[PDB]
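Undergrad: Kindly return the folded structure for what I paste below:
(chains A and B)
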There are 2 protein chains.
Amino acid sequence: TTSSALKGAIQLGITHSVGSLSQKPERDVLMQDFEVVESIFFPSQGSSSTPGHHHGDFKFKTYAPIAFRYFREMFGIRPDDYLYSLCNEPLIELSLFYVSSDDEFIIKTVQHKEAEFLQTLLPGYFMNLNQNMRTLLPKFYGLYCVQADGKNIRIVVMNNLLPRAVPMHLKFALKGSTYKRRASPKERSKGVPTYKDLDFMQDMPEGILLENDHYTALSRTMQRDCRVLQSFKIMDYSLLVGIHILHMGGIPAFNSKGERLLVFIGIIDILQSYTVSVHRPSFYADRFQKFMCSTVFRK
Amino acid sequence: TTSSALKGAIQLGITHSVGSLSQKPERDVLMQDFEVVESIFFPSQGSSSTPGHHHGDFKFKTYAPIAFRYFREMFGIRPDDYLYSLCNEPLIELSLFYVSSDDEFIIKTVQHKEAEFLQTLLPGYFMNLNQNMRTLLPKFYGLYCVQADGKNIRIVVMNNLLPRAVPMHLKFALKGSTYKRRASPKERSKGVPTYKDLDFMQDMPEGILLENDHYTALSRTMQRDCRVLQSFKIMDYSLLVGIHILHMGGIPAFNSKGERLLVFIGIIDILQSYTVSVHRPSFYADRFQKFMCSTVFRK
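TA: Residues are numbered from 1 along each chain as shown, chains lettered A, B, ... in the order given. Structure data below:
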């Protein structure tokens, strides 16, 4: 299990990266700061700025640091809370995946293509964050790379929509398409499984209700994230919806002859670099939206 | 005087450009919207969307429209107020310069190099506006081009720091350098002339005082606009300072054994595309700042 030697390099290097940054004084972000990549070397022998460790020698690459300082702040992620949740508490595997012990932060691994894509994406992302506070896209806290025995492991640190904190009764993974949009039998016999579009259309035919106030905003900030997504020629993103039926940081929703319930939603799998027509991601987004905003949620 | 045939094309075309835009529904800005250029043709014979006119036929090019919609809004420029001040009231020459009759809006002409530079500049500008509300840079309301008898006249519409509205007793044009920084005799015998750095250093040796509250902000948001300016490899910008000694939208300042007074400041001549060293605009900015923040204004 080199999994435990990654975990280590991850925790160690982030601390050096963000720890070093917090002593440095704060300053606005500039277009320059998005292309920045900074590395630091971690010998197992330890260095002058660097502790030894039982993991093999490795270099730790932290991408666009000032940009993510800024993003984390814009999300309400205090530096010490970030550093604690990630570096001072066991990381937790899953099934090339990790979670903080406190279940607030995800750490997925990404192909060099996905990563570099995200790098180019940062300006649009900035511009979204500052005009749509309500946006549903992934919250990217950080992009790092670990250089160990020739390999490059490349990670994105980001928010967990659906934390153990609250228990979820239904998982839904939506897209606005239908083909093979049914939860595999294998999936269908999990605890709370992630059902797909065909599942939602039978098992919740009356939909999800919302108050004409709460609704128009969701409709509004999805029209927005989609117009943003298409612009970047992205497709195959899904709208994850977690439902808690009630007996507090989400959306209050009703139920077709059902208990009041709180839904927890957000868009995923956004790093999809784009043979497809020029007019097609536009299409994917219109479908998506009109679906979520007419079949999944209703006023 | 084709000056009056420009004035016309300007007023006519803006109205069509912004007038058309205001019917269109509003939406966030995207990186895409900064490269956008849109044109429209104005025959003297008039068209289906286009009135006739006694100016020679011309095409009206409006650069990055959604971006400036957004900027104007971010500055508090209502569309109808913009359109009135510019298009429904005589423009006013000066000495390739114009002002609105109401003296709020400047219209300078710019070389194809300056204009295209500004086009590339828009992302950094956006990113500045959203992190430094207090920034002193030019306020760019719009970039347009008029195509008449082969020529391209290219205009920037922007804010007048120093409007007739308030009467100014001293003009100062600062830079942090000294060589040939003296108001020409010719200039020195104008009404209120624009004195330069050597002038300020003798005629106001005790400086300008401010309250430790008011000061630190100016210092702060200049360190910011300079760090921004250098990043874009700009130099030769000046800090225009208007002083009104008092017997209300500016800065309250004292005077070395003098009446309380209100200063009105902001940075100019920022479209300066950059043989100079890579380390030099950095230098220009540090000088500039330490000057304005140690010789011109004191706590």
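Undergrad: Can you list the residue ranges for helices in the stretch 1-150 of chain A?
TA: Under the criterion DSSP state H, counting those that start in this stretch, helices of the stretch 1-150 of chain A are mapped to A:3-23, A:32-35, A:65-75, A:79-87, A:112-129.
Undergrad: count of neighbours near residue A:144?
TA: 23 (other CB atoms under 10 Å in any protein chain shown). In short, each C-beta sits where N, CA and C put it, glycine included.
Undergrad: now swap in residue A:100 and tell me
TA: Residue A:100, neighbours per other CB under 10 Å, totals 22.
Undergrad: go on, the one 3 residues further on?
TA: The number of residues packed around residue A:103, counting by other CB under 10 Å, is 14.
Undergrad: same thing with residue A:2?
TA: Neighbours around residue A:2, by other CB under 10 Å: 14.
Undergrad: Repeat that for residue A:55.
TA: Residues lying near residue A:55 (other CB under 10 Å) number 18.
Undergrad: Let me know whether it touches residue A:10 as I believe.
TA: No. Counting by CB atoms under 8 Å, residue A:55 stays clear of residue A:10, with 10.0 Å between them.
Undergrad: Output the helices of the stretch 1-150 of chain A in a markdown table; the columns should cover mean neighbour count and distance to residue A:171.
TA: What follows is the helices of the stretch 1-150 of chain A, written out as a markdown table (neighbours: other CB atoms under 10 Å in any protein chain shown; distance: least, CB to CB, whole Å):
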| stretch | mean neighbour count | distance to residue A:171 |
| --- | --- | --- |
| helix A:3-23 | 17 | 25 |
| helix A:32-35 | 16 | 34 |
| helix A:65-75 | 19 | 23 |
| helix A:79-87 | 17 | 23 |
| helix A:112-129 | 18 | 23 |
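Undergrad: Residue A:163: which of those helices is closest?
TA: helix A:79-87 (11.2 Å; CB to CB).
Undergrad: The closest one: how far from the chain's middle?
TA: 17 Å (CA atoms, centre = their mean, to the nearest Å).
Undergrad: contacts for that helix?
TA: A:10-12, A:14-15, A:18-19, A:21-22, A:72, A:100-102, A:104-105, A:107, A:141, A:157 (CB atoms under 8 Å, 6 or more residues apart in numbering or on different chains).
Undergrad: Likewise for stretch A:169-176?
TA: Here stretch A:169-176 has contacts from A:162, A:181, A:192-197, A:199-200, A:236-245, A:284, A:287-292, A:296, using CB under 8 Å, 6+ apart.
Undergrad: Which of the residues you listed fall in helices?
TA: The helices, defined by DSSP state H, take in A:197, A:199, A:200, A:284, A:287, A:288, A:289, A:290, A:291 from the contacts of stretch A:169-176.
Undergrad: Tabulate the CA atom coordinates of stretch A:250-270 in CSV.
TA: Taking Å, rounded to 0.1, in the frame of the first residue of the first chain, the C-alpha atoms of stretch A:250-270 are listed here in CSV:
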residue,chain,number,x,y,z
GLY,A,250,-29.5,23.1,2.6
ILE,A,251,-32.7,23.9,0.7
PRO,A,252,-36.2,23.4,2.2
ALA,A,253,-38.5,21.3,0.0
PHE,A,254,-41.9,19.6,0.2
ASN,A,255,-43.0,16.1,-0.9
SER,A,256,-46.0,14.9,-2.9
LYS,A,257,-48.2,14.0,0.1
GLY,A,258,-45.0,13.8,2.1
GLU,A,259,-43.0,15.1,5.0
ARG,A,260,-41.1,18.4,4.6
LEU,A,261,-37.6,17.6,3.6
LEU,A,262,-34.2,19.3,2.9
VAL,A,263,-32.4,18.8,-0.4
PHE,A,264,-28.7,19.2,-1.0
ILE,A,265,-27.5,19.6,-4.6
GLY,A,266,-24.6,20.6,-6.8
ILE,A,267,-22.9,19.9,-10.2
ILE,A,268,-20.1,17.3,-10.7
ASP,A,269,-17.7,15.8,-13.2
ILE,A,270,-17.0,19.2,-14.8
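Undergrad: any idea how far residue B:211 is from the closest residue to residue A:197 other than its chain neighbours?
TA: Spatially, and ignoring its direct neighbours in sequence, residue A:197 is nearest to residue A:181 (3.8 Å; CB to CB, 6 or more residues apart in numbering or on different chains). Applying CB to CB, to the nearest Å, the value for residue A:181 to residue B:211 is 65 Å.
Undergrad: who has more neighbours, the two?
TA: residue A:181 (18 against 11).
Undergrad: which residues does that one contact?
TA: Contacts of residue A:181 by CB under 8 Å, 6+ apart are A:175, A:196, A:197, A:198, A:199.
Undergrad: didn't the second one look like it was pressed against residue A:182?
TA: Yes. The pair residue A:196 and residue A:182 qualifies as a contact (CB under 8 Å) at a distance of 5.9 Å.
Undergrad: Look at those two and report which has more neighbours.
TA: residue A:196 (22 against 15).
Undergrad: Might you enumerate the residues of chain A proximal to chain B?
TA: Contact residues, chain A versus chain B (CB under 8 Å from any CB of the partner chain): A:27-32, A:123-124, A:126-128, A:130-132, A:224, A:227-228, A:231.
Undergrad: For the spatially most central residue of chain A, what are phi and psi?
TA: Computing the C-alpha centroid of chain A and ranking residues by CA atoms, centre = their mean puts residue A:138 first, at 3.7 Å. When read as degrees, to the nearest 10, the backbone of residue A:138 gives phi -50, psi 150.
Undergrad: That one: what's it in contact with?
TA: Here residue A:138 is in contact with A:158, A:159, A:266, A:267, A:268, A:270 (CB under 8 Å, 6+ apart).
Undergrad: ok, now how distant is residue A:168 from residue A:183?
TA: 15 Å.
Undergrad: Ok, residue A:292 next?
TA: On the measure of CB to CB, residue A:292 and residue A:183 end up 18 Å apart.
Undergrad: Residue A:239 now?
TA: 16 Å.
Undergrad: Check residue A:240 too.
TA: In terms of CB to CB, residue A:240 sits 14 Å off from residue A:183.
Undergrad: what does residue A:92 give?
TA: 24 Å.
Undergrad: These two - which one has more neighbours?
TA: residue A:183 (21 against 14).
Undergrad: Now stretch A:22-42: buried residues?
TA: A:28, A:29, A:30, A:31, A:33, A:34, A:40, A:42 (16 or more other CB atoms under 10 Å in any protein chain shown).
Undergrad: and the last one, bridged to which residues?
TA: Yep, that's residue A:42 we're talking about. residue A:58 (DSSP bridges).
Undergrad: In contact with it: list those residues for me.
TA: Residue A:42 touches A:9, A:12, A:13, A:16, A:50, A:51, A:53, A:57, A:58, A:59, A:60, counting by CB under 8 Å, 6+ apart.
Undergrad: Of the residues you listed, just say which sits nearest to residue A:147.
TA: Of the contacts of residue A:42, the one sitting nearest to residue A:147 (CB to CB) turns out to be residue A:59, at 4.0 Å.
Undergrad: out of everything not next to it in sequence, what's closest to the closest one?
TA: Nearest to residue A:59 is residue A:147, by CB to CB, 6+ apart, at 4.0 Å.
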